[PDB]
Amino acid sequence: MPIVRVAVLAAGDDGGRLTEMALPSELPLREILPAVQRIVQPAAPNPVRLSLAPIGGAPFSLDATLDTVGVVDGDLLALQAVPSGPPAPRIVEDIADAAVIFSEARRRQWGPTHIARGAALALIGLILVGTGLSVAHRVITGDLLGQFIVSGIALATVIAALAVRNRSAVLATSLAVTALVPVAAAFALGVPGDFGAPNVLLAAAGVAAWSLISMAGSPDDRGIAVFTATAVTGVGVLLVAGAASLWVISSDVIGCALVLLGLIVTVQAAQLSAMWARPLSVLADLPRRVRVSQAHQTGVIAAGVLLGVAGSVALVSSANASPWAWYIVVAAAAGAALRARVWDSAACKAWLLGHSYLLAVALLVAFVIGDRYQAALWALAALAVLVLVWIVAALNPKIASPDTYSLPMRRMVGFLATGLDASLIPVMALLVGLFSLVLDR
Amino acid sequence: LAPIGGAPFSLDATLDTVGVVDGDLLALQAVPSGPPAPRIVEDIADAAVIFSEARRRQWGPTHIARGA
Amino acid sequence: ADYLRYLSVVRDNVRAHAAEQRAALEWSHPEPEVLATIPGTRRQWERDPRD
Amino acid sequence: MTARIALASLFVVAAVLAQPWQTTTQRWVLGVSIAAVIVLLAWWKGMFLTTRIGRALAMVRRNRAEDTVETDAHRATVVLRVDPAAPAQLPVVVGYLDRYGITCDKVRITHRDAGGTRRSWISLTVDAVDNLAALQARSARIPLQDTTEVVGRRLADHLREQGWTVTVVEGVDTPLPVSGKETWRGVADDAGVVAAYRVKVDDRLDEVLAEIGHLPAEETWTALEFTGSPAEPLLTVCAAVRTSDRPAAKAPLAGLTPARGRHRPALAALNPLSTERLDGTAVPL
């Protein structure tokens, strides 16, 4: 005869029990459910008929055996109440009273918590628009008053993201991640005189330190990823701006340096997240540590993508650019899109595949800034092609899955990915005259 | 004979002694070669997490549709 | 306005009466798919000639 | 694999811009570029030169620190001594790769051979991070060890019900001598030397297993390890030979490599009580 060994757990209204079962699977469930009830229960609520269900899906048709319904040996099945019809929707003869009755059936009753959300969002908007208006006043009129306004806003929001870490955690993280804007503005405008490398160096240093300490706090593990992203981005732009400050360097050098940093950060997300991880409980914080490790991976991946696209726009927004620069940009883009195959998180893959889209958009805005409108139209054309690829992959999942492709094709994909993320190096060495630095000194 | 999920009855016994009544369902199996072993109950203290994580798929076609 | 408020509250009251009656009738007459869980329970043959 | 080809390419193009030699620095760059290329790119019967440098350094550092005894506290393993060591129980033990909502990170079988006598251990472990929910459901205290004990006991119950006598045991013997010193060809001791070999998988594996059993040795550990989904299990096979004399400098048989310079981790990985998977990767079968 046929039998099947499946594990079942009763959920119920009390802490259930997971057990194995050796059930014969040739006969309707209705003949075996009482067996499961006898097994997993330790044996009125207006009783309900109980039936097996896939651990995530909806209950089985109660007349279908475990062969004519998707079940394999060793599967996990849950014990759910069979679906039943909703109670007959009450009918209210009047209209106005019917309106007031049927509206409150799902409405949130405005209370203090709505006022709290409103005030938090209002304060966030104030932080943003105050930074914006003050920094505009600074750069435009130079009256040195916007300087004071933004400095005060930065101090206040930092003190605020430090003070409220016991009254609400969300305020802490939210005001910190917004403070990332006014401290950036205050430090970028805080170096006197002309604009250049020192301003961006100070701003990157400030945002790096602020993200570092705010991630040291961590009342909500939601803002870990954002602070990691901004910390690593700040470190990257800090190194680059320190370079461009100590000794003058061209745009191509900055571009290739930033793209290289992005490549290294992306390909070393494992190592970087590893070093980032820095009455009785034994591995009871494992959910927290795992969630934070995922957060750190997503953050540093986002920072890699951002550094890559920043360097690309840097050495991809110049009216004159060697086609080697175009190769660097496009190869970095394809390298990100192809490294998106190695991770297993939706938020890491999203960033790696959005490198290409973000690059298209950033090139678009950059070309629109300069007088290059014809270049912007072509960037927009490439954007259209890219979203077309997105759509075509979304409509036909046969393309989307990796099991459609045989292992030789997958290994060829891997070889191409390594080839691109490698060959970015000598072409970078050729774009900037690094060989000239040794041949002719 | 064996109850649906239970362990098969010994050949040297009577239905009354192992216990059966006029409504029980018996499946005709073959006595295990080795010793029949008990089932062990794993105490579960929260089912909401299993259900909530079984409703999770990493980068399925649904994510690609959302991104498109 | 007074009459219609009174009418709304008496509508709510009679709807409570109706839902009570319906809950009683559903306790007595469950859906057939429920009947498989009745037997072997304190309520298995409950109706007696006073009900 | 990526940095090597990257820097090799850098030095290649460096040389190509110096194919005319009319300056002493051009000769310098030709020499240094060819040197860097041949150092970054070489072969020594299965390895790069840089891998061998790194493995020499790692072997030296492990020599300087004999103590290696410690195991992860976030993945736990159980070992079941199978007395009859049947080769027909493979379906169920490979079926426990992913069953009952408990995903076992790897399921290995280890046969130890001495004389005619051969004992077997079906070991298997679970990575708590891999199946986090199914542990977090038991209690918010994450009973990894307890859950893996349950999985082991359930395997034992299923197999006994099949008829094969199985006994959960902890304390099983260790292939690697804990007193030895890591050499380039296996690890030595005051007794005979043991060296581990990664057996290549093919459509001829069982012959290689029989031959591994046959060859002269103090001890002969062999271990299959399945991993992945139980409907598509990837295999990987290792085998440690403990032979009295010093081991040969070449793979004593056909279709297996000594993994020259990497034996302490390979041997500890062969310890059934260990949690780490075996060295390398292999194809499904």
# chains A, B, ... in the order shown; residues from 1 in each chain; ligands from 1
$ residues_around --residues "segment 4-17 of chain D" --least-positions-apart "5" --cutoff "12 Å" --atoms "only C-alpha atoms" --output "compact mmCIF listing (two decimals) with N, CA and C atoms, in the first residue's frame"
# COMPACT_ATOMS: atom_id res chain seq x y z
N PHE A 415 31.59 33.42 -15.42
CA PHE A 415 32.84 33.83 -16.04
C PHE A 415 32.75 35.24 -16.58
N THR A 418 32.94 37.75 -13.54
CA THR A 418 34.31 37.94 -13.08
C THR A 418 35.14 38.69 -14.12
N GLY A 419 34.92 38.40 -15.40
CA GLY A 419 35.67 39.09 -16.43
C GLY A 419 35.45 40.58 -16.41
N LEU A 420 34.20 41.01 -16.25
CA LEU A 420 33.91 42.44 -16.21
C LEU A 420 34.48 43.09 -14.95
N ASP A 421 34.13 42.54 -13.79
CA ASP A 421 34.60 43.13 -12.54
C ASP A 421 36.10 43.04 -12.39
N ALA A 422 36.77 42.25 -13.24
CA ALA A 422 38.22 42.26 -13.27
C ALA A 422 38.74 43.29 -14.26
N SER A 423 38.28 43.22 -15.50
CA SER A 423 38.80 44.08 -16.55
C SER A 423 38.56 45.55 -16.27
N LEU A 424 37.69 45.89 -15.31
CA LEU A 424 37.60 47.30 -14.94
C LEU A 424 38.95 47.86 -14.49
N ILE A 425 39.87 47.00 -14.05
CA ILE A 425 41.12 47.48 -13.46
C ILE A 425 42.10 47.99 -14.51
N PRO A 426 42.48 47.21 -15.53
CA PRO A 426 43.45 47.74 -16.50
C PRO A 426 42.90 48.89 -17.32
N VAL A 427 41.61 48.88 -17.65
CA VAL A 427 41.06 50.00 -18.40
C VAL A 427 41.07 51.26 -17.55
N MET A 428 40.88 51.12 -16.24
CA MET A 428 41.05 52.26 -15.35
C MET A 428 42.50 52.72 -15.34
N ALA A 429 43.43 51.77 -15.32
CA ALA A 429 44.84 52.12 -15.36
C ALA A 429 45.22 52.79 -16.67
N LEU A 430 44.44 52.58 -17.71
CA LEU A 430 44.73 53.20 -19.00
C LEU A 430 44.04 54.55 -19.13
N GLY A 433 46.60 58.12 -16.85
CA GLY A 433 47.85 57.68 -17.45
C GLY A 433 48.80 57.02 -16.48
N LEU A 434 48.31 56.00 -15.76
CA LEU A 434 49.13 55.36 -14.74
C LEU A 434 50.39 54.74 -15.34
N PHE A 435 50.29 54.21 -16.56
CA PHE A 435 51.47 53.67 -17.21
C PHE A 435 52.46 54.77 -17.54
N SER A 436 51.96 55.97 -17.83
CA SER A 436 52.84 57.10 -18.06
C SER A 436 53.61 57.47 -16.80
N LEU A 437 53.03 57.20 -15.63
CA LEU A 437 53.67 57.59 -14.38
C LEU A 437 54.92 56.76 -14.10
N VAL A 438 55.05 55.61 -14.75
CA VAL A 438 56.26 54.81 -14.63
C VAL A 438 57.12 54.86 -15.89
N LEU A 439 56.52 54.92 -17.08
CA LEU A 439 57.30 54.93 -18.31
C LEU A 439 58.16 56.18 -18.41
N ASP A 440 57.56 57.35 -18.24
CA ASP A 440 58.28 58.61 -18.41
C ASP A 440 58.39 59.41 -17.11
N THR D 25 64.49 51.57 -18.06
CA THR D 25 63.25 51.38 -17.33
C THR D 25 62.27 50.53 -18.12
N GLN D 26 62.35 50.53 -19.45
CA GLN D 26 61.52 49.62 -20.23
C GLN D 26 61.91 48.18 -19.94
N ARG D 27 63.21 47.91 -19.82
CA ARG D 27 63.64 46.57 -19.44
C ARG D 27 63.17 46.22 -18.04
N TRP D 28 63.28 47.17 -17.10
CA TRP D 28 62.77 46.94 -15.75
C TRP D 28 61.29 46.58 -15.78
N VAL D 29 60.49 47.33 -16.53
CA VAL D 29 59.06 47.06 -16.51
C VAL D 29 58.75 45.75 -17.20
N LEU D 30 59.50 45.39 -18.25
CA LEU D 30 59.31 44.07 -18.85
C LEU D 30 59.59 42.97 -17.84
N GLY D 31 60.72 43.07 -17.15
CA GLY D 31 61.07 42.05 -16.18
C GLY D 31 60.07 41.95 -15.05
N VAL D 32 59.70 43.09 -14.47
CA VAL D 32 58.80 43.06 -13.32
C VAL D 32 57.41 42.62 -13.75
N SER D 33 56.99 42.97 -14.97
CA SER D 33 55.67 42.57 -15.44
C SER D 33 55.62 41.08 -15.71
N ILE D 34 56.65 40.53 -16.36
CA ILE D 34 56.68 39.09 -16.58
C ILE D 34 56.76 38.35 -15.25
N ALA D 35 57.54 38.88 -14.31
CA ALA D 35 57.64 38.25 -12.99
C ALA D 35 56.28 38.25 -12.29
N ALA D 36 55.61 39.40 -12.28
CA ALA D 36 54.32 39.49 -11.61
C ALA D 36 53.28 38.62 -12.28
N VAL D 37 53.34 38.51 -13.61
CA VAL D 37 52.37 37.67 -14.31
C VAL D 37 52.59 36.20 -13.98
N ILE D 38 53.84 35.74 -14.08
CA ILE D 38 54.11 34.33 -13.82
C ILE D 38 53.92 33.98 -12.34
N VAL D 39 53.99 34.96 -11.44
CA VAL D 39 53.73 34.69 -10.03
C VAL D 39 52.23 34.69 -9.76
N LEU D 40 51.51 35.66 -10.33
CA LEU D 40 50.06 35.69 -10.21
C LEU D 40 49.40 34.58 -11.00
N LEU D 41 50.06 34.04 -12.01
CA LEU D 41 49.49 32.98 -12.83
C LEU D 41 50.51 31.86 -12.96
N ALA D 42 50.20 30.72 -12.35
CA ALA D 42 51.07 29.56 -12.43
C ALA D 42 50.22 28.32 -12.16
N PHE D 48 47.38 27.26 -7.96
CA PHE D 48 48.18 28.40 -8.35
C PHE D 48 49.39 28.52 -7.42
N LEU D 49 50.36 29.33 -7.83
CA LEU D 49 51.50 29.58 -6.96
C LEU D 49 51.08 30.38 -5.74
N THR D 50 50.16 31.33 -5.92
CA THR D 50 49.73 32.16 -4.80
C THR D 50 48.93 31.35 -3.79
N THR D 51 48.09 30.43 -4.26
CA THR D 51 47.40 29.55 -3.33
C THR D 51 48.40 28.74 -2.52
$ select_by_dssp --residues "segment 116-224 of chain D" --states "alpha helix (DSSP H)" --output "PyMOL selection string"
chain D and resi 133-136+144-162+205-214
$ write_last_selection --atoms "N, CA, C and O atoms" --output "compact mmCIF listing (two decimals), in the first residue's frame"
# COMPACT_ATOMS: atom_id res chain seq x y z
N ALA D 133 13.30 30.47 11.61
CA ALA D 133 11.92 30.44 12.07
C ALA D 133 11.60 29.15 12.81
O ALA D 133 11.09 29.19 13.93
N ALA D 134 11.92 28.00 12.21
CA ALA D 134 11.51 26.73 12.78
C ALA D 134 12.11 26.51 14.16
O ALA D 134 11.63 25.67 14.93
N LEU D 135 13.18 27.23 14.49
CA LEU D 135 13.71 27.22 15.85
C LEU D 135 13.04 28.29 16.71
O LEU D 135 12.69 28.03 17.86
N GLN D 136 12.87 29.48 16.15
CA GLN D 136 12.20 30.57 16.85
C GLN D 136 10.76 30.20 17.19
O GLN D 136 10.15 30.80 18.08
N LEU D 144 18.45 25.26 19.44
CA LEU D 144 19.15 24.63 18.34
C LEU D 144 19.62 23.23 18.71
O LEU D 144 19.36 22.26 17.99
N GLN D 145 20.32 23.11 19.83
CA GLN D 145 20.83 21.81 20.25
C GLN D 145 19.69 20.83 20.50
O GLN D 145 19.73 19.68 20.05
N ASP D 146 18.65 21.28 21.22
CA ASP D 146 17.52 20.41 21.51
C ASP D 146 16.81 19.98 20.24
O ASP D 146 16.46 18.80 20.07
N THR D 147 16.60 20.91 19.32
CA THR D 147 15.93 20.57 18.07
C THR D 147 16.75 19.59 17.26
O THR D 147 16.20 18.67 16.65
N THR D 148 18.07 19.76 17.22
CA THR D 148 18.88 18.82 16.46
C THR D 148 18.89 17.45 17.13
O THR D 148 18.95 16.42 16.46
N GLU D 149 18.80 17.43 18.46
CA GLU D 149 18.61 16.15 19.14
C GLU D 149 17.30 15.50 18.72
O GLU D 149 17.23 14.29 18.53
N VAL D 150 16.23 16.30 18.59
CA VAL D 150 14.95 15.75 18.16
C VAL D 150 15.06 15.19 16.75
O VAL D 150 14.55 14.11 16.45
N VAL D 151 15.73 15.92 15.86
CA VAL D 151 15.90 15.44 14.50
C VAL D 151 16.67 14.13 14.49
O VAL D 151 16.32 13.18 13.79
N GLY D 152 17.74 14.06 15.28
CA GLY D 152 18.49 12.82 15.37
C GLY D 152 17.64 11.67 15.88
O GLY D 152 17.64 10.58 15.30
N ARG D 153 16.91 11.90 16.96
CA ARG D 153 16.07 10.84 17.52
C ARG D 153 15.02 10.40 16.53
O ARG D 153 14.69 9.21 16.45
N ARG D 154 14.48 11.33 15.74
CA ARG D 154 13.45 10.98 14.78
C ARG D 154 14.04 10.16 13.64
O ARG D 154 13.42 9.20 13.17
N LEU D 155 15.24 10.52 13.19
CA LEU D 155 15.93 9.68 12.23
C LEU D 155 16.16 8.29 12.79
O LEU D 155 15.97 7.29 12.09
N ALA D 156 16.57 8.21 14.05
CA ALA D 156 16.84 6.92 14.65
C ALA D 156 15.57 6.08 14.73
O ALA D 156 15.60 4.87 14.47
N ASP D 157 14.45 6.71 15.08
CA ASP D 157 13.18 6.00 15.14
C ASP D 157 12.77 5.50 13.77
O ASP D 157 12.37 4.34 13.62
N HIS D 158 12.88 6.35 12.75
CA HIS D 158 12.52 5.92 11.40
C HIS D 158 13.39 4.75 10.95
O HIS D 158 12.89 3.75 10.42
N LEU D 159 14.69 4.85 11.18
CA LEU D 159 15.59 3.80 10.71
C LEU D 159 15.39 2.50 11.48
O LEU D 159 15.38 1.43 10.88
N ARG D 160 15.22 2.57 12.80
CA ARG D 160 14.90 1.37 13.56
C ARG D 160 13.62 0.74 13.03
O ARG D 160 13.56 -0.47 12.81
N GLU D 161 12.59 1.56 12.80
CA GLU D 161 11.36 1.03 12.23
C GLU D 161 11.62 0.38 10.88
O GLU D 161 10.88 -0.52 10.48
N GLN D 162 12.64 0.83 10.16
CA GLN D 162 13.04 0.10 8.97
C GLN D 162 13.75 -1.21 9.29
O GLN D 162 13.71 -2.13 8.48
N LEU D 205 32.12 6.05 -8.83
CA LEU D 205 32.50 6.34 -7.45
C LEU D 205 32.66 5.08 -6.61
O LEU D 205 33.62 4.98 -5.83
N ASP D 206 31.76 4.11 -6.75
CA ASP D 206 31.78 2.97 -5.84
C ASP D 206 33.05 2.14 -6.01
O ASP D 206 33.55 1.55 -5.04
N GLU D 207 33.58 2.08 -7.23
CA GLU D 207 34.86 1.41 -7.41
C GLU D 207 35.95 2.12 -6.62
O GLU D 207 36.79 1.48 -5.98
N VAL D 208 35.93 3.46 -6.63
CA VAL D 208 36.93 4.21 -5.88
C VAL D 208 36.76 3.98 -4.39
O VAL D 208 37.74 3.90 -3.64
N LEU D 209 35.52 3.86 -3.93
CA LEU D 209 35.28 3.56 -2.52
C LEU D 209 35.81 2.19 -2.13
O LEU D 209 36.48 2.04 -1.09
N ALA D 210 35.52 1.17 -2.93
CA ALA D 210 36.07 -0.15 -2.67
C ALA D 210 37.59 -0.11 -2.63
O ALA D 210 38.22 -0.70 -1.75
N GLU D 211 38.19 0.62 -3.57
CA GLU D 211 39.65 0.67 -3.63
C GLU D 211 40.23 1.41 -2.43
O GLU D 211 41.28 1.03 -1.90
N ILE D 212 39.55 2.47 -1.98
CA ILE D 212 39.98 3.17 -0.77
C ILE D 212 39.93 2.23 0.42
O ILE D 212 40.84 2.22 1.26
N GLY D 213 38.87 1.43 0.52
CA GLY D 213 38.83 0.42 1.56
C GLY D 213 39.97 -0.58 1.45
O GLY D 213 40.52 -1.02 2.46
N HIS D 214 40.35 -0.93 0.22
CA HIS D 214 41.29 -2.02 0.02
C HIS D 214 42.72 -1.65 0.36
O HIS D 214 43.47 -2.49 0.87
$ closest_atom_pairs --of "chain C" --to "chain A" --cutoff "7 Å" --atoms "only C-alpha atoms" --output "tab-separated table"
residue	atom	partner	partner_atom	distance
C:8	CA	A:97	CA	6.8
C:27	CA	A:46	CA	6.9
C:33	CA	A:49	CA	6.7
C:34	CA	A:49	CA	5.3
C:37	CA	A:49	CA	6.3
$ residues_around --residues "segment 178-191 of chain A" --least-positions-apart "5" --cutoff "10 Å" --atoms "only C-alpha atoms" --output "ChimeraX atom specification"
/A:124-125,127-132,134-135,138-139,144,146-161,173,196-208,210-211,214,227,230
$ closest_atom_pairs --of "chain A" --to "chain B" --cutoff "9 Å" --atoms "only C-alpha atoms" --output "CSV"
residue,atom,partner,partner_atom,distance
A:1,CA,B:29,CA,7.2
A:9,CA,B:44,CA,8.1
A:10,CA,B:47,CA,8.5
A:11,CA,B:47,CA,5.9
A:12,CA,B:47,CA,9.0
A:14,CA,B:45,CA,8.3
A:15,CA,B:45,CA,4.8
A:16,CA,B:44,CA,5.5
A:17,CA,B:43,CA,5.1
A:18,CA,B:42,CA,5.1
A:19,CA,B:41,CA,4.9
A:20,CA,B:39,CA,6.3
A:21,CA,B:5,CA,6.1
A:22,CA,B:5,CA,5.5
A:23,CA,B:5,CA,5.4
A:24,CA,B:4,CA,6.9
A:31,CA,B:25,CA,7.9
A:32,CA,B:4,CA,6.7
A:35,CA,B:4,CA,6.2
A:36,CA,B:5,CA,7.4
A:39,CA,B:5,CA,7.7
A:40,CA,B:41,CA,8.1
A:55,CA,B:51,CA,6.3
A:56,CA,B:54,CA,5.2
A:57,CA,B:55,CA,8.1
A:78,CA,B:51,CA,8.9
A:344,CA,B:58,CA,6.5
A:345,CA,B:58,CA,6.1
A:346,CA,B:59,CA,5.2
A:347,CA,B:59,CA,8.9
A:349,CA,B:59,CA,8.0
A:350,CA,B:67,CA,8.1
A:387,CA,B:68,CA,6.7
A:388,CA,B:68,CA,8.3
A:389,CA,B:68,CA,8.5
A:390,CA,B:68,CA,5.0
A:391,CA,B:68,CA,5.0
A:392,CA,B:68,CA,8.5
A:393,CA,B:64,CA,7.2
A:394,CA,B:65,CA,4.6
A:395,CA,B:65,CA,7.2
A:396,CA,B:61,CA,8.8
A:397,CA,B:61,CA,6.1
A:400,CA,B:61,CA,6.8
A:401,CA,B:61,CA,8.0
$ closest_atom_pairs --of "chain D" --to "chain A" --cutoff "6 Å" --atoms "only C-alpha atoms" --output "tab-separated table"
residue	atom	partner	partner_atom	distance
D:2	CA	A:422	CA	5.6
D:6	CA	A:422	CA	4.7
D:10	CA	A:426	CA	4.7
D:99	CA	A:74	CA	5.0
D:100	CA	A:76	CA	5.0
D:101	CA	A:76	CA	5.7
D:141	CA	A:284	CA	4.8
D:142	CA	A:284	CA	5.8
